[PDB]
Amino acid sequence: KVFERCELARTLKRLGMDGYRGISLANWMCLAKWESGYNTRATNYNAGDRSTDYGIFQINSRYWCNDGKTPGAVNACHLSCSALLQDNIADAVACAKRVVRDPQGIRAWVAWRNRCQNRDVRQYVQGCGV
Ligand SMILES: [Cl-]
Ligand SMILES: [Cl-]
Ligand SMILES: [Cl-]
């Protein structure tokens, strides 16, 4: 599914993302926006290293979820990458929380550094009731 902006904001807030390990909701929104356009079913193959990115946060198979087909990979979220292609984003959120328990936090995603870091991200949550 492709979430509408404010629907997603409220969905993430219910799942406990607001301020998780210091990360505001508007940061998570900015991440989802630029990773996937708020689209849960997106996959992107990285020909360079044979990994794939999955779902609304484009979480990578080398470190985070198992797809069977990524050489040398691990699965720190202990999920099938299939779980990151559901319309229900609970598993994706749990996995995103796992990512940001590591030292880099939200910097783990380059798109966040590119499109969100050091910017005014207030617009992502404007009017959403969060
Ligand atoms: Cl901030
Ligand atoms: Cl699973
Ligand atoms: Cl689903």
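Cβ atoms come from the backbone with ideal geometry, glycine included; neighbour counts cover every protein chain shown. Read the figures in this text as sums done on the coordinates, not as results from a lab.
Among the residues in segment 18-40, are any in a loop (DSSP other than H, G, I, E, B) and within 16 Å of ligand 2 (Cβ to nearest atom)?
Yes; the residues of segment 18-40 include at least one that is in a loop (DSSP other than H, G, I, E, B) and within 16 Å of ligand 2 (Cβ to nearest atom).
Can you run down the residue pairs with Cβ atoms below 7 Å, 6 or more apart or on separate chains, where the first is in segment 19-37 and free of Cβ contacts under 8 Å to residues at least 40 places away in the same chain and the partner is among the hydrophobic types (A, V, I, L, M, F, W, C) and part of a helix (DSSP H, G or I)?
Qualifying pairs under 7 Å: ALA32/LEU8.
Given the criteria within 16 Å of ligand 1 (Cβ to nearest atom), surrounded by fewer than 20 Cβ atoms within 10 Å (Cβ to Cβ) and assigned to a loop (DSSP other than H, G, I, E, B), does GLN117 qualify?
So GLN117 fits the description; yes.
I'd like the full set of residues that are within 15 Å of ligand 2 (Cβ to nearest atom), more than 15 Å from the chain's Cα centre (by Cα) and over 18 Å from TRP109 (Cα atoms), limited to segment 44-79.
Selection gives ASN66, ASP67, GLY68, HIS78.
Kindly indicate whether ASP102 is away from ligand 3 (no atom under 14 Å from the Cβ), surrounded by 16 or more Cβ atoms within 10 Å (Cβ to Cβ), farther than 22 Å from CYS128 by Cβ and over 14 Å from the mean Cα position of the chain (by Cα).
Taking the combined requirement at face value, the residue does not satisfy it.
On the basis of being hydroxyl-bearing (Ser, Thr, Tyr) and more than 27 Å from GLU4 (Cβ to Cβ), does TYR20 make the cut?
The answer is no for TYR20.
Taking the stated definitions as given, is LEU12 touching a residue at least 40 places away in the same chain (Cβ under 8 Å), within 16 Å of ligand 1 (Cβ to nearest atom), closer than 18 Å to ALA83 by Cβ and not in a loop (DSSP other than H, G, I, E, B)?
Criteria met by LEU12.
Give the number of residues within segment 1-44 that are within 15 Å of ligand 3 (Cβ to nearest atom), within 22 Å of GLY129 (Cβ to Cβ) and polar (S, T, N, Q).
Total satisfying the criteria: 2.
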